[PDB]
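Peer 1: Take a look at input_8.txt, compact mmCIF, N, CA and C atoms:
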```txt
# COMPACT_ATOMS: atom_id res chain seq x y z
N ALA Z 12 17.05 3.05 1.66
CA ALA Z 12 15.70 3.48 2.16
C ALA Z 12 14.69 3.43 1.05
N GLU Z 13 13.55 2.87 1.41
CA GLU Z 13 12.45 2.60 0.51
C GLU Z 13 11.14 3.08 1.11
N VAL Z 14 10.13 3.29 0.25
CA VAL Z 14 8.74 3.45 0.68
C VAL Z 14 8.25 2.11 1.14
N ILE Z 15 7.75 2.05 2.37
CA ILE Z 15 7.06 0.85 2.82
C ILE Z 15 5.53 0.95 2.53
N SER Z 16 4.99 -0.03 1.80
CA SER Z 16 3.58 -0.11 1.58
C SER Z 16 2.97 -0.82 2.79
N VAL Z 17 2.07 -0.12 3.49
CA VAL Z 17 1.56 -0.61 4.78
C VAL Z 17 0.18 -1.19 4.51
N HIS Z 18 0.13 -2.51 4.48
CA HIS Z 18 -1.08 -3.22 4.07
C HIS Z 18 -1.96 -3.67 5.25
N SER Z 19 -1.37 -3.87 6.42
CA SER Z 19 -2.12 -4.35 7.55
C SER Z 19 -1.99 -3.43 8.77
N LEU Z 20 -2.93 -3.53 9.70
CA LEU Z 20 -2.86 -2.74 10.95
C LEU Z 20 -1.60 -3.08 11.79
N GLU Z 21 -1.16 -4.31 11.68
CA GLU Z 21 0.07 -4.76 12.29
C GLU Z 21 1.27 -4.06 11.72
N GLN Z 22 1.38 -3.96 10.39
CA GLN Z 22 2.54 -3.28 9.79
C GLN Z 22 2.54 -1.82 10.17
N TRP Z 23 1.35 -1.20 10.19
CA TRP Z 23 1.17 0.19 10.66
C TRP Z 23 1.76 0.36 12.05
N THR Z 24 1.33 -0.50 12.95
CA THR Z 24 1.74 -0.47 14.31
C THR Z 24 3.25 -0.59 14.42
N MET Z 25 3.80 -1.72 13.97
CA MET Z 25 5.27 -1.89 13.94
C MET Z 25 5.99 -0.64 13.39
N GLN Z 26 5.54 -0.13 12.24
CA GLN Z 26 6.29 0.94 11.57
C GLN Z 26 6.23 2.20 12.39
N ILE Z 27 5.06 2.53 12.93
CA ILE Z 27 4.93 3.69 13.82
C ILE Z 27 5.68 3.53 15.16
N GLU Z 28 5.51 2.41 15.85
CA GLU Z 28 6.23 2.33 17.15
C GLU Z 28 7.74 2.42 17.00
N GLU Z 29 8.28 1.71 16.01
CA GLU Z 29 9.70 1.75 15.71
C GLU Z 29 10.21 3.12 15.34
N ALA Z 30 9.48 3.84 14.49
CA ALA Z 30 9.92 5.20 14.16
C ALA Z 30 9.91 6.13 15.39
N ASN Z 31 8.89 5.97 16.24
CA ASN Z 31 8.74 6.80 17.43
C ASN Z 31 9.84 6.51 18.46
N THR Z 32 10.19 5.24 18.60
CA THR Z 32 11.31 4.86 19.49
C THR Z 32 12.61 5.52 18.99
N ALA Z 33 12.81 5.49 17.69
CA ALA Z 33 13.98 6.11 17.06
C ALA Z 33 13.91 7.63 16.93
N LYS Z 34 12.76 8.23 17.26
CA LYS Z 34 12.43 9.65 17.05
C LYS Z 34 12.58 10.12 15.59
N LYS Z 35 12.20 9.25 14.67
CA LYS Z 35 12.27 9.59 13.27
C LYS Z 35 11.00 10.29 12.76
N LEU Z 36 11.14 11.21 11.81
CA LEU Z 36 10.01 11.65 10.99
C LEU Z 36 9.38 10.52 10.16
N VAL Z 37 8.06 10.49 10.18
CA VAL Z 37 7.25 9.59 9.39
C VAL Z 37 6.47 10.47 8.38
N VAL Z 38 6.65 10.15 7.10
CA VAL Z 38 5.86 10.77 6.04
C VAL Z 38 4.97 9.67 5.47
N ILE Z 39 3.67 9.93 5.44
CA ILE Z 39 2.72 8.97 4.93
C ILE Z 39 1.97 9.52 3.72
N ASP Z 40 1.98 8.73 2.65
CA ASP Z 40 1.21 8.97 1.44
C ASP Z 40 -0.09 8.12 1.54
N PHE Z 41 -1.19 8.80 1.88
CA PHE Z 41 -2.52 8.29 1.69
C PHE Z 41 -3.01 8.34 0.24
N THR Z 42 -3.24 7.15 -0.28
CA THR Z 42 -3.32 6.96 -1.70
C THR Z 42 -4.53 6.05 -2.05
N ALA Z 43 -4.88 5.98 -3.31
CA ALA Z 43 -5.88 5.02 -3.82
C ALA Z 43 -5.50 4.61 -5.24
N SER Z 44 -5.63 3.31 -5.54
CA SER Z 44 -5.27 2.75 -6.85
C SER Z 44 -6.01 3.37 -8.06
N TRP Z 45 -7.21 3.87 -7.82
CA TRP Z 45 -8.04 4.52 -8.84
C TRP Z 45 -7.73 6.00 -9.01
N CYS Z 46 -6.85 6.50 -8.17
CA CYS Z 46 -6.64 7.92 -8.07
C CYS Z 46 -5.46 8.35 -8.99
N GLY Z 47 -5.81 9.07 -10.06
CA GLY Z 47 -4.86 9.54 -11.09
C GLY Z 47 -3.65 10.29 -10.53
N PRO Z 48 -3.87 11.42 -9.85
CA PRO Z 48 -2.81 12.20 -9.16
C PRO Z 48 -2.02 11.40 -8.11
N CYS Z 49 -2.60 10.34 -7.57
CA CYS Z 49 -1.89 9.44 -6.68
C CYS Z 49 -0.82 8.64 -7.42
N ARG Z 50 -1.19 8.11 -8.60
CA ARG Z 50 -0.26 7.31 -9.40
C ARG Z 50 0.90 8.17 -9.84
N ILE Z 51 0.57 9.40 -10.22
CA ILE Z 51 1.51 10.45 -10.58
C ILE Z 51 2.51 10.89 -9.47
N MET Z 52 2.11 10.77 -8.20
CA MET Z 52 2.95 11.21 -7.08
C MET Z 52 3.79 10.08 -6.53
N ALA Z 53 3.49 8.86 -6.97
CA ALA Z 53 4.22 7.67 -6.54
C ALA Z 53 5.72 7.78 -6.76
N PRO Z 54 6.16 8.12 -8.00
CA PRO Z 54 7.60 8.20 -8.17
C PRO Z 54 8.25 9.36 -7.43
N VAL Z 55 7.55 10.46 -7.26
CA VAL Z 55 8.06 11.63 -6.53
C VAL Z 55 8.33 11.24 -5.05
N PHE Z 56 7.30 10.74 -4.37
CA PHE Z 56 7.39 10.17 -3.01
C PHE Z 56 8.57 9.16 -2.83
N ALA Z 57 8.67 8.22 -3.79
CA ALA Z 57 9.72 7.20 -3.84
C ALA Z 57 11.11 7.84 -3.87
N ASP Z 58 11.29 8.84 -4.73
CA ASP Z 58 12.51 9.62 -4.82
C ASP Z 58 12.89 10.41 -3.55
N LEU Z 59 11.93 11.10 -2.93
CA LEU Z 59 12.18 11.71 -1.63
C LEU Z 59 12.56 10.67 -0.56
N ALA Z 60 11.98 9.47 -0.60
CA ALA Z 60 12.32 8.45 0.41
C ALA Z 60 13.81 8.02 0.29
N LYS Z 61 14.27 7.96 -0.96
CA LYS Z 61 15.68 7.65 -1.25
C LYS Z 61 16.60 8.75 -0.79
N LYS Z 62 16.14 9.99 -0.93
CA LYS Z 62 16.94 11.16 -0.61
C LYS Z 62 16.98 11.46 0.88
N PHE Z 63 15.95 11.04 1.60
CA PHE Z 63 15.92 11.26 3.03
C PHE Z 63 15.82 9.94 3.76
N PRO Z 64 16.92 9.16 3.78
CA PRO Z 64 16.85 7.79 4.34
C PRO Z 64 16.68 7.73 5.87
N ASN Z 65 16.85 8.86 6.58
CA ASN Z 65 16.54 8.90 8.02
C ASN Z 65 15.09 9.28 8.37
N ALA Z 66 14.25 9.42 7.35
CA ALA Z 66 12.82 9.53 7.59
C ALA Z 66 12.18 8.26 7.05
N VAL Z 67 11.02 7.88 7.60
CA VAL Z 67 10.32 6.66 7.20
C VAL Z 67 9.16 7.06 6.28
N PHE Z 68 9.16 6.56 5.06
CA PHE Z 68 8.11 6.94 4.10
C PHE Z 68 7.14 5.77 3.95
N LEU Z 69 5.90 6.00 4.33
CA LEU Z 69 4.86 4.96 4.33
C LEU Z 69 3.83 5.28 3.25
N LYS Z 70 3.28 4.23 2.68
CA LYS Z 70 2.16 4.37 1.79
C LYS Z 70 1.00 3.56 2.33
N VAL Z 71 -0.16 4.20 2.40
CA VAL Z 71 -1.35 3.58 2.93
C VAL Z 71 -2.48 3.81 1.90
N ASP Z 72 -3.01 2.72 1.38
CA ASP Z 72 -4.26 2.73 0.60
C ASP Z 72 -5.52 2.97 1.50
N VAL Z 73 -6.16 4.13 1.28
CA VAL Z 73 -7.35 4.56 2.05
C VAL Z 73 -8.53 3.56 1.98
N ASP Z 74 -8.50 2.72 0.95
CA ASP Z 74 -9.51 1.67 0.77
C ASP Z 74 -9.19 0.37 1.51
N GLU Z 75 -7.91 0.11 1.74
CA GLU Z 75 -7.46 -1.09 2.45
C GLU Z 75 -7.35 -0.92 3.99
N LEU Z 76 -6.82 0.20 4.46
CA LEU Z 76 -6.70 0.45 5.89
C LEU Z 76 -7.58 1.59 6.26
N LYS Z 77 -8.89 1.35 6.20
CA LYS Z 77 -9.82 2.41 6.47
C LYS Z 77 -9.63 3.09 7.83
N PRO Z 78 -9.40 2.30 8.92
CA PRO Z 78 -9.28 3.00 10.18
C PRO Z 78 -8.16 4.06 10.27
N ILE Z 79 -7.06 3.85 9.55
CA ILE Z 79 -5.91 4.77 9.55
C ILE Z 79 -6.26 6.03 8.74
N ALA Z 80 -6.77 5.88 7.51
CA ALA Z 80 -7.25 7.03 6.76
C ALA Z 80 -8.27 7.81 7.62
N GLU Z 81 -9.18 7.08 8.28
CA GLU Z 81 -10.25 7.70 9.06
C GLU Z 81 -9.77 8.46 10.28
N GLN Z 82 -8.77 7.95 11.00
CA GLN Z 82 -8.30 8.65 12.22
C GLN Z 82 -7.71 10.00 11.90
N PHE Z 83 -7.17 10.10 10.70
CA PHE Z 83 -6.65 11.38 10.17
C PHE Z 83 -7.62 12.18 9.29
N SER Z 84 -8.86 11.74 9.17
CA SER Z 84 -9.94 12.42 8.37
C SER Z 84 -9.47 12.69 6.94
N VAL Z 85 -8.99 11.63 6.30
CA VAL Z 85 -8.39 11.73 4.96
C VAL Z 85 -9.51 11.32 4.00
N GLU Z 86 -10.01 12.30 3.24
CA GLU Z 86 -11.06 12.10 2.28
C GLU Z 86 -10.69 12.68 0.91
N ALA Z 87 -9.47 13.17 0.79
CA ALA Z 87 -8.89 13.66 -0.45
C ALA Z 87 -7.54 13.00 -0.62
N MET Z 88 -7.26 12.60 -1.87
CA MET Z 88 -6.04 11.88 -2.21
C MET Z 88 -5.36 12.47 -3.45
N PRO Z 89 -4.02 12.43 -3.50
CA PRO Z 89 -3.20 12.00 -2.34
C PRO Z 89 -3.10 13.05 -1.19
N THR Z 90 -3.04 12.53 0.02
CA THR Z 90 -2.72 13.34 1.18
C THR Z 90 -1.42 12.80 1.80
N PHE Z 91 -0.45 13.72 1.95
CA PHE Z 91 0.84 13.45 2.58
C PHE Z 91 0.78 13.97 3.99
N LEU Z 92 0.99 13.07 4.92
CA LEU Z 92 0.88 13.42 6.32
C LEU Z 92 2.24 13.25 6.96
N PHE Z 93 2.67 14.28 7.70
CA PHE Z 93 4.00 14.32 8.36
C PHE Z 93 3.74 14.18 9.87
N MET Z 94 4.44 13.23 10.48
CA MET Z 94 4.21 12.93 11.88
C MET Z 94 5.54 12.60 12.51
N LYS Z 95 5.73 13.04 13.75
CA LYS Z 95 6.92 12.72 14.52
C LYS Z 95 6.54 12.60 16.01
N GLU Z 96 7.00 11.53 16.68
CA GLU Z 96 6.66 11.24 18.10
C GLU Z 96 5.19 11.49 18.45
N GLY Z 97 4.30 10.92 17.64
CA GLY Z 97 2.85 11.01 17.81
C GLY Z 97 2.15 12.26 17.31
N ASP Z 98 2.92 13.28 16.93
CA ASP Z 98 2.28 14.56 16.58
C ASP Z 98 2.19 14.69 15.08
N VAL Z 99 1.05 15.17 14.58
CA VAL Z 99 0.96 15.47 13.16
C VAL Z 99 1.59 16.87 12.96
N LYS Z 100 2.73 16.89 12.28
CA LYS Z 100 3.51 18.09 11.99
C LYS Z 100 3.01 18.88 10.80
N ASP Z 101 2.35 18.21 9.86
CA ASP Z 101 2.06 18.87 8.59
C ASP Z 101 1.23 17.93 7.71
N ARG Z 102 0.63 18.52 6.66
CA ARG Z 102 -0.09 17.77 5.65
C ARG Z 102 0.05 18.51 4.32
N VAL Z 103 0.12 17.73 3.23
CA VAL Z 103 -0.03 18.22 1.85
C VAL Z 103 -1.23 17.53 1.22
N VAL Z 104 -2.15 18.28 0.63
CA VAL Z 104 -3.32 17.68 0.05
C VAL Z 104 -3.31 17.90 -1.47
N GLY Z 105 -3.28 16.80 -2.22
CA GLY Z 105 -3.18 16.86 -3.66
C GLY Z 105 -1.76 16.60 -4.18
N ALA Z 106 -1.66 16.56 -5.50
CA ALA Z 106 -0.37 16.25 -6.14
C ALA Z 106 0.45 17.54 -6.31
N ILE Z 107 0.83 18.12 -5.17
CA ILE Z 107 1.56 19.40 -5.16
C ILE Z 107 3.03 19.06 -4.87
N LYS Z 108 3.83 18.92 -5.94
CA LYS Z 108 5.18 18.31 -5.87
C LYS Z 108 6.15 19.18 -5.10
N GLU Z 109 6.13 20.49 -5.38
CA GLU Z 109 6.97 21.43 -4.65
C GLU Z 109 6.58 21.59 -3.17
N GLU Z 110 5.27 21.57 -2.86
CA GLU Z 110 4.89 21.62 -1.47
C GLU Z 110 5.33 20.36 -0.65
N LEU Z 111 5.11 19.16 -1.19
CA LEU Z 111 5.66 17.94 -0.60
C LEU Z 111 7.19 17.98 -0.33
N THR Z 112 7.94 18.31 -1.36
CA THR Z 112 9.41 18.42 -1.33
C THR Z 112 9.93 19.41 -0.29
N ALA Z 113 9.33 20.60 -0.25
CA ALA Z 113 9.69 21.63 0.71
C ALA Z 113 9.46 21.16 2.15
N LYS Z 114 8.32 20.53 2.43
CA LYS Z 114 7.97 20.17 3.82
C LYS Z 114 8.75 18.95 4.28
N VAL Z 115 9.11 18.06 3.35
CA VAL Z 115 10.05 16.96 3.67
C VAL Z 115 11.39 17.61 4.07
N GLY Z 116 11.90 18.53 3.24
CA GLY Z 116 13.14 19.27 3.56
C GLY Z 116 13.13 19.92 4.94
N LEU Z 117 12.05 20.64 5.23
CA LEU Z 117 11.85 21.31 6.51
C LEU Z 117 11.71 20.34 7.73
N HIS Z 118 10.98 19.24 7.56
CA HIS Z 118 10.67 18.38 8.71
C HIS Z 118 11.70 17.24 8.94
N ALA Z 119 12.44 16.89 7.90
CA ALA Z 119 13.51 15.87 7.99
C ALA Z 119 14.78 16.53 8.52
N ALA Z 120 14.88 17.83 8.25
CA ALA Z 120 16.02 18.72 8.56
C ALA Z 120 16.45 18.54 9.97
N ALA Z 121 17.77 18.54 10.17
CA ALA Z 121 18.39 18.55 11.50
C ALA Z 121 17.61 19.49 12.44
N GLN Z 122 16.50 18.93 12.94
CA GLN Z 122 15.29 19.63 13.46
C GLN Z 122 15.37 21.04 14.03
```
Translate the structure described by the file into structure tokens.
Peer 2:
Amino acid sequence: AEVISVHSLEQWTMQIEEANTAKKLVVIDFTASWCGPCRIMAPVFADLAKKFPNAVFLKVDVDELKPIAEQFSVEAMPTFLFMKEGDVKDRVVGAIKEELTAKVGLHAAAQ
């Protein structure tokens, strides 16, 4: 299991429909290349994706896929968004490593 970098609206679509069919948790890192705390959270996110291979970990650049950042009103980065079967379960705003880790544990958990 790896972080998928979601570059196009098509990859977004595929990744979301497939996870929803499988009823998997989706964790999304809304990120920006210029964003210091974003670069810093990259390896943390990557490590959680390895540790929870039954959740789908997505990365979305807020500058590249504006409509996706916008539908979730993401104007602070990094923002970690937790979603399952269409519902937003949770969010972490900023490089808060323990808060990200805890909510992945809680939401990936044998529900």
Peer 1: Quick one: of Z:69, Z:104, Z:49, Z:76, who's nearest to residue 91 (chain Z), counting only C-alpha atoms?
Peer 2: Z:104
Peer 1: Between Z:85, Z:94, Z:55, Z:37, single out the one closest to residue 108 (chain Z), counting all atoms listed in the file.
Peer 2: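 Using all atoms listed in the file, residue 108 (chain Z) sits closest to Z:55.
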Peer 1: Quick one: residues within 12 Å of residue 111 (chain Z), only C-alpha atoms counted, chain neighbours fewer than 5 positions away excluded, as number ranges by chain?
Peer 2: Z: 38-40, 52-53, 55-60, 89-93, 101-106, 116-119
Peer 1: Pick the closest to residue 115 (chain Z) from Z:12, Z:25, Z:17, Z:63: which is it, counting all atoms listed in the file?
Peer 2: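 Checking each of Z:12, Z:25, Z:17, Z:63 against residue 115 (chain Z), counting all atoms listed in the file, the winner is Z:63.
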Peer 1: Would you please work out which residue, of Z:67, Z:99, Z:121, Z:113, is nearest to residue 14 (chain Z) when using all atoms listed in the file?
Peer 2: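 Among Z:67, Z:99, Z:121, Z:113, it is Z:67 that comes nearest to residue 14 (chain Z).
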Peer 1: In terms of the shortest atom-to-atom distance over only N, CA and C atoms, which of Z:120, Z:43, Z:107, Z:79 is closest to residue 20 (chain Z)?
Peer 2: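 Ranked by minimum distance to residue 20 (chain Z), first place goes to Z:79.
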Peer 1: Take the point (-3.7, 1.0, -0.5) in the file's coordinates, draw a sphere of radius 6 Å around it, and report as a count of residues only every protein, DNA or RNA residue with an atom inside or on it, counting all atoms listed in the file.
Peer 2: 9
